[PDB]
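Undergrad: Pasting the sequence and an experimental structure:
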Amino acid sequence: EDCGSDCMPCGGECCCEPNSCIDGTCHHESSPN
């Protein structure tokens, strides 16, 4: 079973890229340039 387009189950949620599903939460993703 899957959640979404490159997404993962985060405590009844769905973290999709570029974000990441870690620590049971949605770890946002920055772009330092």
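TA: Noted; the coordinates are in hand. Numbering: from 1, shown residues only.
Undergrad: Quick check: buried residues in stretch 10-27?
TA: By neighbour count, and taking 16 or more other CB atoms under 10 Å as the criterion, the buried residues in stretch 10-27 are 10, 15, 19-21, 26. Where C-beta positions appear, they are placed from N, C-alpha and C, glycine not excepted.
Undergrad: Any chance of those in a markdown table with secondary structure and distance to residue 3 as columns?
TA: As requested, the buried residues of stretch 10-27 are exported to a markdown table (DSSP: H, G, I helix; E, B strand; the rest coil; distance: CB to CB, whole Å):
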| residue | secondary structure | distance to residue 3 |
| --- | --- | --- |
| 10 | coil | 8 |
| 15 | strand | 8 |
| 19 | coil | 12 |
| 20 | strand | 13 |
| 21 | strand | 8 |
| 26 | strand | 12 |
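Undergrad: Looking at those residues, which is nearest residue 4?
TA: Residue 4 lies nearest to residue 15 out of those, by CB to CB, at 8.9 Å.
Undergrad: How much space separates the residue nearest the centre of the chain from residue 33?
TA: For the chain, the residue whose C-alpha lies nearest the mean C-alpha position (CA atoms, centre = their mean) is residue 15; its distance is 2.6 Å. Distance from residue 15 to residue 33, counting by CB to CB, to the nearest Å: 23 Å.
Undergrad: the strands in the chain, which residues?
TA: Counting by DSSP state E, residue ranges of the strands within the chain are 8-9, 14-15, 20-22, 25-27.
Undergrad: quick one, which of those is nearest to residue 2?
TA: Distances from residue 2 to each of the strands of the chain were compared by CB to CB, and the smallest falls on strand 8-9, at 8.7 Å.
Undergrad: residue furthest from the geometric center of this protein?
TA: Per CA atoms, centre = their mean, the most distant residue from the centre of the chain is residue 33 (21.8 Å).
Undergrad: got the contact list for the residue nearest to residue 28 when sequence neighbours are not counted?
TA: Distance criterion CB to CB, 6 or more residues apart in numbering; nearest residue to residue 28, sequence neighbours excluded, is residue 19 at 5.5 Å. Applying CB atoms under 8 Å, 6 or more residues apart in numbering, we find residue 19 in contact with 26-29.
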